[PDB]
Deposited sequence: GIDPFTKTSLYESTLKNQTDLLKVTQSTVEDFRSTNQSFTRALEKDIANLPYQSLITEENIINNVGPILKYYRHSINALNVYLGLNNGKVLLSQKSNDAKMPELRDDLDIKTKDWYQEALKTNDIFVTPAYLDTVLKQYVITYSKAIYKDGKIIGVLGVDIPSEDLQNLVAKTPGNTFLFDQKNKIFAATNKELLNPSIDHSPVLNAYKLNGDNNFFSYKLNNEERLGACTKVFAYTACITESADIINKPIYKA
């Protein structure tokens, strides 16, 4: 009876929407926690006297311990401060050293931090120091309007993947390039899987709008929404309304 089918559709739409939102919140909370951490670190560095900032040896001895404590506190992969002379004070998982051989001005995390007064968040990429995929939070640190350097904080992208995977629902994230990034169902990360139907249904319907689509001649229901540069989606079988 159409009344009963409508009731099932509305119920499942509510559940799946709710679960999509949980995945959205997971991504949001991950980012905001790492931004707050980065901002705190910025503040602690900039609150040092200038004397503690204006020689490289003072950077090593005064900023180094701060990088290291902060790194430990959140279990970050790397925490670093890059200077306009090309040197970088690097605290890496494994005494922070001032490294001259790391080409920092070619890095997006460095370049882009100088172009905004906000924290800059990179897409995930392979860290060259420890060769893990990371999300980098970078921030140009200023004291009295004077640049000190660019702070960077590397968090393993696996951390976010793991958080998403734990969420209820058949939820998943695409990155910026509409490549699959995270999923509750590990099998969805099989890289040969096409996601055109979901993506095309999302493009036709827009954020948070529940849609029907087909997989192997069978009906499925889903919704997607933008979360930062990611696309979060949920999908389920349509059996709940049909059977």
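Trainee: What are the missing stretches of the deposited sequence, listed from start to end?
Mentor: Unobserved in coordinates, per deposited numbering: 1-2, 97-100, 250-254.
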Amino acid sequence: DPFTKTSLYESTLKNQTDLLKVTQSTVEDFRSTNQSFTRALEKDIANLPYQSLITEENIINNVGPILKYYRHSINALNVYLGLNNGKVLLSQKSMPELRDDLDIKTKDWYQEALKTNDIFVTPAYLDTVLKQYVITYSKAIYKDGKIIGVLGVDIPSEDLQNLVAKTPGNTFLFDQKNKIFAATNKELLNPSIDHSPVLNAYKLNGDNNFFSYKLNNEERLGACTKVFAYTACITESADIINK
From here on, numbers count along this sequence of modelled residues.
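Trainee: Mean Cα B factor from the PDB record: higher for 170-178, or higher for 61-69?
Mentor: The deposited B-factors put 170-178 ahead on the C-alpha mean.
Trainee: As stated in the PDB record, which stretch has the larger average Cα B-factor, 210-218 or 25-33?
Mentor: For C-alpha atoms only, the mean B-factor is higher in 210-218.
Trainee: Per the entry's Cα B factor values, which of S52, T184, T38, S196 stands out as the maximum?
Mentor: It is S196.
Trainee: Considering every modelled residue of the chain and its Cα B-factor in the PDB entry, is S91 in the lowest, middle or highest third?
Mentor: Within its chain, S91 is a lowest-third residue by C-alpha B-factor, going by the deposited values.
Trainee: Grab the CA temperature factor for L20 from the record and place it in the lowest, middle or highest third of its chain.
Mentor: For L20, whose C-alpha B-factor we compare with every modelled residue in the chain, the answer is the lowest third.
Trainee: How does the C-alpha B factor of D154 compare with the rest of the chain: lowest, middle or highest third?
Mentor: According to the entry, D154 has a C-alpha B-factor in the chain's lowest third.
Trainee: Report the third (lowest, middle or highest) to which the CA temperature factor of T106 belongs, ranking only the modelled residues of the same chain.
Mentor: For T106, the deposited C-alpha B-factor lands in the highest third.
Trainee: Lowest, middle or highest third: which one holds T116 when the chain's residues are ordered by CA B-factor from the entry?
Mentor: Middle third of the chain for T116's C-alpha B-factor.
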